[PDB]
Structure formats: C-alpha cells, structure tokens
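**Q** Supplied in structure tokens, the structure appears directly below.
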Amino acid sequence: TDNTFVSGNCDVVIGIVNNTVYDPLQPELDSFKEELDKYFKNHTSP
Amino acid sequence: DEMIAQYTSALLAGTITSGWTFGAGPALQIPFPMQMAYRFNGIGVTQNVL
Ligand SMILES: *[C@@H]1O[C@H](CO)[C@@H](O[C@@H]2O[C@H](CO)[C@@H](O[C@@H]3O[C@H](CO)[C@@H](O)[C@H](O)[C@@H]3O)[C@H](O)[C@H]2NC(C)=O)[C@H](O)[C@H]1NC(C)=O
Ligand SMILES: *[C@@H]1O[C@H](CO)[C@@H](O)[C@H](O)[C@H]1NC(C)=O
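Sequence lines, in order, name chains C and A.
Going by the entry's author numbering, the letters in the first sequence line up with residues 1119 to 1164, in that order.
Going by the entry's author numbering, the letters in the second sequence line up with residues 869 to 918, in that order.
Spelled out as structure tokens, the structure:
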C-alpha cells in the first residue's frame, strides 16, 4: 500500500487485471495472534 | 520531397509506439493508452483523471 494509491471503483477503467495488494500493518499484529492462541487452550480444557 | 516525407513518417511511428524513449537511447515499447497517462503526471494532475 506504500507503492499504490486508491481511487474509486474498479469498473470504469479498461484493461484492469485482478491480483492482490498487501498491507504492512497487518503482519505487525500477526505476531500477537499466534502468541494469544496458546493461552486459550490452557483455560477451556480444565 | 519523398525522403523528407519518410523522416516525418518515422518520427510519428516512434512517438506513438515508443514515446520519448527513442530520442535518448534504444526504443522501448509502451501502449498508447498508458503513454498518455505519463504526460498528465508531468503537468500536475494525477493518473486517475485519465
Ligand atoms: C477478479 O478475478 C476474477 C477471476 O480472475 C474475475 O472474474 C472473471 O473475470 C473474467 C475476466 O476475463 C470474466 O470473463 C469475462 O466475461 C464476460 C461476460 O461473459 C465476457 O464478455 C468477457 O469477454 C470475459 O470473458 C468473468 O466473467 C469473471 N467472472 C466473474 C464471476 O466475475 C473478476 O472479474 C476479477 N474482479 C474484477 C473486479 O475484475
Ligand atoms: C498452562 O497452565 C499451567 C497450569 O498448571 C501452567 O503450569 C503452564 O505454564 C501454562 N502454560 C502456558 C503456555 O501458559
């Protein structure tokens, strides 16, 4: 998303192609979803 | 007046397909629907107006 800027819907433009565009903020919080996953199994089981 | 008409028919065949890159080195291809979006970027308006 640093390299790209968004402008409106994607139907007016001719020749567009479908792909994926990533964001850098989402992997920053990805390291904490795996951290909190182990503590959930230590409370529901007993 | 034929060879003069051959030169000016070769400038129009490179400024359409290659753009301006054939005036400063080897000619590089680019579609004309996208070369025109480079001329707006040198004016002050963004790409999305085109
Ligand atoms: C996101 O990607 C998907 C798959 O790559 C796109 O879905 C399909 O895209 C193709 C593009 O060639 C569509 O085919 C077109 O169909 C029309 C109508 O039959 C035809 O006139 C064209 O010549 C072309 O063959 C296909 O219909 C479409 N399928 C669906 C279910 O949408 C999708 O369009 C991409 N997203 C965007 C926003 O473009
Ligand atoms: C899970 O709970 C037990 C309690 O008996 C504790 O000893 C253990 O350190 C806990 N493990 C984690 C990963 O929290």
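A virtual CB, placed ideally from N, CA and C, is assigned to each residue, including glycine.
Would you tell me roughly how many angstroms separate the C-alpha atoms of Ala895 of chain A and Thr889 of chain A, rounded to the nearest one?
**A** 6 angstroms
**Q** Using a Cβ-Cβ cut-off of 8 angstroms (strictly less than) and excluding sequence neighbours within five positions of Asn909 of chain A, which residues of its own chain qualify?
**A** Excluding its 5 nearest sequence neighbours in each direction, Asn909 of chain A has C-beta neighbours in its own chain below 8 angstroms: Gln915, listed in chain order.
**Q** My assumption, with CB atoms under 8 angstroms, is that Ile911 of chain A sits in contact with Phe900 of chain A. Please give the rounded CB distance.
**A** Incorrect: roughly 18 angstroms between the Cβ atoms, too far for contact.
**Q** Below 7 angstroms, is the gap between the Cβ of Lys1156 of chain C and the nearest heavy atom of ligand 2?
**A** yes
**Q** State the start and end residues of the unbroken alpha helix (DSSP H) segment that holds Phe1123 of chain C.
**A** Under the DSSP assignment, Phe1123 of chain C falls outside any alpha helix (DSSP H); it carries neither an H nor an E label.
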